[PDB]
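Chemist: Can you read through this structure? Questions will come right after.
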Amino acid sequence: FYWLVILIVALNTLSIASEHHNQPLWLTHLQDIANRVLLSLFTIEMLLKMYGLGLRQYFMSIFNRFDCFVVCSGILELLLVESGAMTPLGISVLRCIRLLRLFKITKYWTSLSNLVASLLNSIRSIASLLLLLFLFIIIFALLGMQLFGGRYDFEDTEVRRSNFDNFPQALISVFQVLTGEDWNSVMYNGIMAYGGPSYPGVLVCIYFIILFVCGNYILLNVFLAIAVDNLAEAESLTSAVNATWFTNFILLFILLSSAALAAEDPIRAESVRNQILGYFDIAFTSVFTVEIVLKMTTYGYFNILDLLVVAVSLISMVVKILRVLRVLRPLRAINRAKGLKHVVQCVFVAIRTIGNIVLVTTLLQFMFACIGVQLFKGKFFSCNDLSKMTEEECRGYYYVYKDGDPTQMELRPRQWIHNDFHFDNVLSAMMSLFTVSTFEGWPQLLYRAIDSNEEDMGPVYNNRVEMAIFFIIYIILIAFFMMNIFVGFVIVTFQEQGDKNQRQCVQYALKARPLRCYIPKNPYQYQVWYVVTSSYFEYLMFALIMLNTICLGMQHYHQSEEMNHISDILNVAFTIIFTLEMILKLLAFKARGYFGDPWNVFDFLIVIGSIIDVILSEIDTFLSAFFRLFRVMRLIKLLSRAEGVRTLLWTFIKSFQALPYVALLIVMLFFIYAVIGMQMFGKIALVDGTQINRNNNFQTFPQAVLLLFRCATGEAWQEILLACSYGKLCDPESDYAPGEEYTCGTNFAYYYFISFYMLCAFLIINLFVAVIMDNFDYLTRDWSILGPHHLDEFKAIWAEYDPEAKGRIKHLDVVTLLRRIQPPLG
Amino acid sequence: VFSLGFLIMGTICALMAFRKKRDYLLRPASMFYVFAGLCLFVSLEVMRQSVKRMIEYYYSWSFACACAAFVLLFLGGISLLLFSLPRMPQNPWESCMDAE
Amino acid sequence: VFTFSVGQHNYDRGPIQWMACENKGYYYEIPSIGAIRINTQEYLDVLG
Amino acid sequence: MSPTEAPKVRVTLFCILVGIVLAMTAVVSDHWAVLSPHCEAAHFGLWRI
Amino acid sequence: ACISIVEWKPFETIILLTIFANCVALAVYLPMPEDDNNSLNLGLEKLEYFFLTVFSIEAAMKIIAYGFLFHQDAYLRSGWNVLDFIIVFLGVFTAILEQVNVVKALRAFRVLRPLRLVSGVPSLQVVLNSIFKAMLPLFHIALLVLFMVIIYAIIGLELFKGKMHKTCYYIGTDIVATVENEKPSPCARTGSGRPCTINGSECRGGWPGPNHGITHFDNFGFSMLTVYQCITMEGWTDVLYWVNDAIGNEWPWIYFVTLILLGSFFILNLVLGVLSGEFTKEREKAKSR
Ligand SMILES: CCCCCCCCCCCCCCCCCC(=O)OC[C@H](COP(=O)([O-])OCC[N+](C)(C)C)OC(=O)CCCCCCCCCCCCCCCCC
Ligand SMILES: CCCCCCCCCCCCCCCCCC(=O)OC[C@H](COP(=O)(O)OCCN)OC(=O)CCCCCCCCCCCCCCCCC
Ligand SMILES: CCCCCCCCCCCCCCCCCC(=O)OC[C@H](COP(=O)(O)OCCN)OC(=O)CCCCCCCCCCCCCCCCC
Ligand SMILES: CCCCCCCCCCCCCCCCCC(=O)OC[C@H](COP(=O)(O)OCCN)OC(=O)CCCCCCCCCCCCCCCCC
Ligand SMILES: CCOC(=O)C1=C(COCCN)NC(C)=C(C(=O)OC)[C@@H]1c1ccccc1Cl
Ligand SMILES: [Ca+2]
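Protein sequence lines correspond, in order, to chains A, B, C, D and E.
Quick note, the first sequence lines up with residues 434 to 673, 796 to 855, 867 to 883, 892 to 1072, 1082 to 1206, 1232 to 1434 if you use the UniProt record's numbering.
Quick note, the second sequence lines up with residues 112 to 165, 174 to 219 if you use the UniProt record's numbering.
Counting from 1, position 46 in the third sequence corresponds to residue 431 in the UniProt record's numbering; the numbering is continuous, with no gaps.
Quick note, the fourth sequence lines up with residues 1 to 38, 46 to 56 if you use the UniProt record's numbering.
Quick note, the fifth sequence lines up with residues 43 to 144, 161 to 347 if you use the UniProt record's numbering.
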């Protein structure tokens, strides 16, 4: 019987999921028939196991305090349609409460059953902080109503929907600045609402700086005191051939045969460079052949991969698909590299566990897609001109006015256009909501949903402002909450795998090594030395850098004939002062104890570069704009002062250096996707006004790699996805048959881009957590108890007395220095 | 000429570092090489620039000479510095400026 | 009395529709430039 | 001698010698550009074209 | 101290329920341009006097009871009674200044009154204090983001100062010549920048710049503003593309692609690291409570 309920709570989801726009009438009939049939069974079996479980203990469980709600609302919705029921306001509520039968699954998965049990008492703990967040938002919405409310009266005809004219609008605008999407154009409208790029007006830019920075700080506090405190407790809840140089050559060779794939003109296939690389490919292919044919003798996954890879390689000389599945070249260096097959094998581990959370958000994405279909189905059509509301009217030509000037018009044909991201079926609604979750172009869907009028009519400006809730609730569920427990399910795959102070402070003393100091000789050399290493000298030389930075900052454009002239002599003055301090230190440290310290080396380089820049810039009037950069990098000498900043930098940089294959995975993903897109999308034309243009295209390999970096950053990745969709112009250099030049691009794009984002979003997280996990002792360090910092203090005090390393010191100095070292160690 | 003189300067120390326990002397030497490459890069561009104020143009033989010597001198100085500089400490007790 | 409500604003239009419907006039909405010509030449049906 | 006897420092100290010879080569070899005004072809260098 | 009798009463739920009433007299206010009003806007300028005489005979009935001339200088030593007296002093000053002058800058202090909601609920007080004492470990990441934004502002002030003032107009006009969904980009006649392709169009100078003259690198403040906006990863590619059109395609990616690797990703890694470290610190401390 239990397995005969899932037969009918699945045949119900498929019912409500088959619903789309313009459906065949037999589908409407089949749908309401299935609804009646299924409500009958729902009620009848509820009652059957009511008398099989008795009234009192049936009411005991949490998930039948709800089932009768289904049983009641279902038939009362059957009945309200049998009344004077009317317009999609009440109707939406009927067909969407009809969806709460999709909530049965979450009770059904029985680990999803308590997942939400944990989720709900994660929020209850933090309700106070999540109330302070709403108070923050409300104060900034009111401050925006005071600053910009009623000031967006620009005389042009551009539409600026994100303003601060009333309270719901100000609230939407502050929420959009918080999600970070298109906040800069809200800032520009606010700068131009005041004067312009002038002194009083550019100070409205601090409303948005404080807004973004402090709002996102508070959001990080909110959604990180839930993945760090409220999923660490669910833990307690649940727990209680073998030649070296030869293979080095073969993996150097894999690299060459993969770099032969990068540099290949997509547009002209008959490039003499592609001709040059065709023979190179077959040479590489014979090489990779004759050294694995020899491998299948010493024996009968990775030893079969290159087996399957060299085949298509030496067969070539379908077509396109079989030159696109030759991208398996980088996927041979996984076995030849120990650490690579260690890392790849270490991430397939963290996939079959974070798969339980990837299936609950997929079902949560699906429920919202069906809600959105029931709200916005058929309502995302519109006309070229917003004056014509139905499709029979939107025909003919109309006038567009250039720059809103009624005396400069031009004719355009008016056409009934569909939004690119709509809610007509469930697949489309799921696509639209996917793009809303990455926070890209979501205000354009919000203001198109607010305008939604009726089933086949164009927008009505600010029709349904209450339709913002649907969006603001989605973003808060998926993009903020369920994303910050997908992150927690990755820490428990990292922090789990790998007293405590005791062994770590016994290791330091056991392996530590002393310093050097280079105390000088020759009382004149000691004389200068004592000045050059004096602390106040190191304050005087840090004042001159803060003074040299201001002088570089005082530069501006379209100045007059006495600011440059003083600038370029102050530059010479500073060059000479820094050279003087350099040679001063050389005289003290005797040129041997000078180059032992890496900051003195980094400073000598800055001196030598900033001297050459002087000559290059002075030769202009005596008989390379990147040499001028050696004046700015003189500012990183300040780092040597900052102890805390330097140790923080080192502690994260060293861990980035000890995790090179997690980053090699991202490099590999970028390489593979940029080689694929150069074949799939490489022949689209570079047109201005489109998203495939001269700055952003797939024609070269660096262009494709920078486009993919742009999509990783999430810039308008869904606007690029819509620029490769088969309706595209083929660029002239390419070889298309005559008449058919609008046949470029693929719908494969939809997979490509969506699989990029997701994968590129997963690895980044993976690389973040990883780097934060091998630093956890430092980031969680109680500075009261003990630490390697005291032991570095001890090394310092030991090296002062004993500059030359030499190990030993004499007992008198030994006991004398004991008073210095603080209680924790001394 | 500036670049060539830089490389002359770099070679003297890059050799004099071999005897008398003078390992350290490979740090300035390295840096000098870098600058040579740097100036050579500059050289490239200015000639390129003049080429585009004077017809068909072509960089044929000595351009690849310089665009290889500059690239290799640059990477060689940078790598020689990184091989003369000890190591990013990698452990709580390790230090740049360690004894041996 | 012929009243014209110009632009795209959130203000209330009931009052001016009343002014029009009370004093034997008419009520027009001009949201854009392309709406002007036809709405400013149509009062001549009421006058006829 | 760990920085002066290890082989990965000598591969570099030699690979820079290649740059040294091609650098003294780039300074005296005038073959690195052409003009064709339009035959009167010039071959350019740094000291003389 | 005859009023000490009152403050001990449930005289705090009367006050945080008229603090919620002044939060609605702010939300229903409609801001209109160029000195216009409605009837509801002029009604709520009468309710301000009521709220202003309720939040003063609430303090002057409390600064007479507990606080005094000095007596401890401790009643004020709450951190919150120092807030409400500011919030209720600005209310009288700005409520009298306009009637005596018979300023709209000074009306933007009325939005600070919702802070008495927290100064009147005790739980918000602990949450706010906790949130702030998690900000001092971030003294080194802030000192690093600051000095990195400064370095990138100074570098872009040197390589890009004054290069984005040319664009193409129609020949002999002051109309900027763009395409269907293009936004005005820089130009470079006689260079490696982009040449203008629009038909009847030439490349002239004296253009304010790309975002109505807001995005550019030609003094320290504007350079710092565009660096900050790039470091938030919003519109960084438009700035990259404009620098490309100004000076050419091959070098400037090094400036931007690095600032996104070093300022966006790397610094975010550090911030997340320090915050989660502090959170687990406090958690393992309180799990022993
Ligand atoms: C505080 C601790 C951390 C902070 C330190 C981190 C700061 C990082 C600083 C990076 C500087 C940015 C690189 C310069 C950008 C070049 C601009 C450009 O190409 O076009 C404009 C200009 C072009 O100007 P132009 O003169 O050609 O313009 C007009 C054209 N002509 C010449 C005809 C008039 O670039 C140049 O001048 C030439 C540049 C050559 C190559 C420059 C690369 C050197 C820098 C490499 C950086 C290495 C990676 C970063 C290292 C650490 C960071 C992770
Ligand atoms: C409760 C159900 C249980 C079953 C769950 C099964 C597992 C699902 C997990 C995958 C996640 C999917 C979420 C993505 C949103 C869905 C996008 C979509 O459905 O788009 C369909 C799109 C229709 O778009 P439309 O505008 O109608 O196009 C008209 C012209 N063709 O037409 C298309 O062609 C879109 C093609 C879709 C391509 C999707 C590829 C995604 C692959 C992900 C791999 C990377 C993830 C790695 C792990 C991430 C972190 C762990
Ligand atoms: C922290 C986590 C987040 C990510 C961490 C790690 C991810 C790494 C991915 C970073 C991607 C950024 C690299 C961008 C390089 C792209 C170069 C570029 O955009 O320059 C454009 C310029 C145009 O010239 P061209 O291509 O010839 O055509 C123009 C007209 N002729 O081109 C030129 O003229 C100059 C030629 C440029 C050649 C230099 C090589 C650039 C690409 C190599 C970088 C690595 C490539 C491998 C995959 C990278 C991913 C790791
Ligand atoms: C803490 C964590 C987060 C951080 C939050 C704090 C953020 C606040 C930072 C915002 C500061 C932005 C200041 C912007 C205003 C600077 C002046 C300016 O913008 O205008 C440029 C000015 C000339 O412009 P113009 O008006 O055109 O001149 C005449 C026209 N013919 O030319 C000038 O005069 C500009 C002069 C400024 C040069 C200074 C260069 C940097 C100085 C700092 C060096 C050391 C850093 C501080 C040390 C602290 C160490 C503890
Ligand atoms: C880690 C993968 O991120 C994604 O690609 C997802 C996005 C992008 O989210 C970024 C938020 N700005 N939006 C949707 C809707 C997803 C989905 O439907 O999974 C099948 C996933 C997702 C979202 C939140 C939590 C986990 C996941 Cl796997
Ligand atoms: Ca964006």
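From the three backbone atoms N, C-alpha and C, an ideal C-beta is built for every residue, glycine too.
Any contact of the region 255-265 of chain E with the region 583-599 of chain A, i.e. 3+ C-beta pairs under 8 Å?
Modeler: Taking 8 Å as the limit for Cβ pairs, the verdict is that the region 583-599 of chain A does not touch the region 255-265 of chain E.
Chemist: Let's see if you can read the secondary structure: which residues bound the beta strand (DSSP E) around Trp212 (chain B)?
Modeler: Premise fails: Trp212 (chain B) is in no beta strand (DSSP E) and is neither H nor E.
Chemist: Across the region 188-197 of chain B and the region 388-401 of chain C, are there enough close Cβ pairs to call them in contact, namely three or more that are closer than 8 Å?
Modeler: No: the two stretches stay apart, fewer than three of their Cβ pairs being nearer than 8 Å.
Chemist: Closer than 6 Å between the C-beta and any heavy atom of ligand 2: which residues qualify, listed along the chain?
Modeler: Those satisfying the condition are, in chain order, A:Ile928, A:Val932, A:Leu933, A:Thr936, A:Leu937, A:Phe940, A:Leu1001, A:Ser1002, A:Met1004, A:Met1005, A:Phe1008, A:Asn1355, A:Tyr1358, A:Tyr1359, A:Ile1362, A:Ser1363, A:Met1366, A:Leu1367, A:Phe1370.
Chemist: Since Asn83 (chain E) and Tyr71 (chain E) are thought to touch, with beta carbons under 8 Å apart, how far apart are those beta carbons, to the nearest angstrom?
Modeler: Contact flag correct, Cβ pair sits at about 6 Å.
Chemist: Closer than 8 Å, CB to CB, is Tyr972 (chain A) near chain C or not?
Modeler: Yes, contact with chain C.
Chemist: At what residues does the alpha helix (DSSP H) containing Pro1268 (chain A) begin and finish?
Modeler: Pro1268 (chain A) -> alpha helix (DSSP H) spans 1268-1288.
Chemist: Pull the bridge partners of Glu984 (chain A) from the DSSP assignment, please.
Modeler: According to DSSP, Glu984 (chain A) bridges with A:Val974.
Chemist: Does DSSP put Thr964 (chain A) in a helix, in a strand, or in coil?
Modeler: It is coil, neither helix nor strand.
Chemist: How should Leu810 (chain A) be labelled, buried or exposed, when 16 other C-beta atoms within 10 angstroms of its C-beta is the threshold for buried?
Modeler: Answer is exposed; the Cβ neighbour count stays below 16.
Chemist: Would you mind giving the Cβ-Cβ distance between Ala1266 (chain A) and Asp1382 (chain A), rounded to the nearest angstrom? I have them listed as a contact below 8 Å.
Modeler: 7 Å between Cβ atoms; contact.
Chemist: Does the separation of the CB atoms of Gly1353 (chain A) and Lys1336 (chain A) fall below 8 Å?
Modeler: Closer than 8 Å, so yes.
Chemist: How many Å lie between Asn1304 (chain A) and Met1286 (chain A) at the Cα?
Modeler: Answer to the nearest angstrom: the Cα atoms are 12 Å apart.
Chemist: Give me the subset of the region 1234-1267 of chain A whose CB atoms are less than 9 Å from a CB atom of chain B, sorted by chain position.
Modeler: Cβ contacts with chain B: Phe1234, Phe1235, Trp1258, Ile1261, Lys1262, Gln1265, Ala1266.
Chemist: Report yes or no: do the region 202-218 of chain E and the region 285-305 of chain E share at least 3 C-beta pairs separated by less than 8 Å?
Modeler: Yes, they touch.
Chemist: Under the rule that 16 or more other beta-carbon atoms within 10 Å means buried, what is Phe1205 (chain A), buried or exposed?
Modeler: Answer is exposed; the Cβ neighbour count stays below 16.
Chemist: Taking 8 Å as the CB-CB cut-off, is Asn1036 (chain A) touching chain C?
Modeler: Yes, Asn1036 (chain A) lies at the interface with chain C (some Cβ there is under 8 Å from its Cβ).
Chemist: Below 7 Å CB to CB, which residues in the same chain sit around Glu100 (chain E) once its five sequence neighbours on both sides are set aside?
Modeler: The answer, listed in chain order, is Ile57.
Chemist: Opposite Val34 (chain D) in the DSSP bridges: which residues?
Modeler: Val34 (chain D) pairs with B:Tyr177, D:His50.
Chemist: Any beta carbon from chain D within less than 8 Å of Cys184 (chain B)'s own beta carbon?
Modeler: By this cut-off, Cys184 (chain B) is an interface position.
Chemist: Taking the alpha helix (DSSP H) that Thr136 (chain E) falls in, what are its first and last residues?
Modeler: Looking at the DSSP string, the run of the alpha helix (DSSP H) that includes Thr136 (chain E) is 123-142.
Chemist: Can you give me the Cβ contacts of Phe1264 (chain A) inside the same chain, cut-off strictly under 7 Å, excluding the 5 residues immediately before and after it?
Modeler: Cβ within range, chain order: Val1379.
Chemist: Just curious, the alpha helix (DSSP H) that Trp990 (chain A) is in, first and last residue?
Modeler: Not the alpha helix (DSSP H): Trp990 (chain A) falls in the beta strand (DSSP E), residues 990-992.
Chemist: Quick check: what's the CA-CA separation for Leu22 (chain D) versus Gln160 (chain B)?
Modeler: So the alpha carbons of these two residues sit roughly 22 Å apart.
Chemist: Secondary structure at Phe97 (chain E), three-state DSSP: helix, strand or coil?
Modeler: Coil.
Chemist: Assuming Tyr1334 (chain A) and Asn1355 (chain A) make a contact with CB atoms under 8 Å, what is their CB distance in whole Å?
Modeler: Correct: roughly 6 Å between the Cβ atoms.
Chemist: Under 7 Å: does the beta carbon of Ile1373 (chain A) sit that close to some heavy atom of ligand 5?
Modeler: Under cutoff, so the answer is yes.
Chemist: Tell me, please, whether the CB atom of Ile123 (chain B) is closer than 8 Å to any CB atom in chain D?
Modeler: Chain D contact via Cβ: absent.
Chemist: For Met158 (chain B), return the contacting residues in chain D, with the cut-off set at a CB-CB distance below 8 Å.
Modeler: What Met158 (chain B) touches in chain D: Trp32, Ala33, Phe51, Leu53.
Chemist: Quick check: the Cα distance between residue 358 (chain E) and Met1241 (chain A), rounded to an integer number of angstroms?
Modeler: Since the first residue shown for chain E is 43 and the last is 347, residue 358 (chain E) is missing from the structure and cannot be characterised.
Chemist: Using 8 Å as the limit for Cβ to Cβ distance, is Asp598 (chain A) near chain C?
Modeler: Judged by the 8 Å Cβ criterion, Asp598 (chain A) is in contact with chain C.
Chemist: Provide the residue span of the beta strand (DSSP E) that contains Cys261 (chain E), from first to last.
Modeler: Segment 259-262, the beta strand (DSSP E) holding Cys261 (chain E).
Chemist: Over what stretch of residues does the beta strand (DSSP E) that includes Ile931 (chain A) continue unbroken?
Modeler: Where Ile931 (chain A) is concerned, there is no enclosing beta strand (DSSP E), although the alpha helix (DSSP H) it sits in stretches over 930-950.
Chemist: Which whole runs of the alpha helix (DSSP H) in the region 544-625 of chain A are 4 residues long or more, in chain order?
Modeler: Counting whole runs of 4 or more residues, the region 544-625 of chain A contains the alpha helix (DSSP H) stretches 545-580, 600-612.
Chemist: Pairs of beta-carbons, one from the region 946-956 of chain A and one from the region 989-1003 of chain A, closer than 8 Å: are there three or more?
Modeler: Flag = yes, the region 946-956 of chain A and the region 989-1003 of chain A touch.
Chemist: Counting along the chain, where does the alpha helix (DSSP H) carrying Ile123 (chain B) start and finish?
Modeler: 113-127 is the extent of the alpha helix (DSSP H) around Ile123 (chain B).
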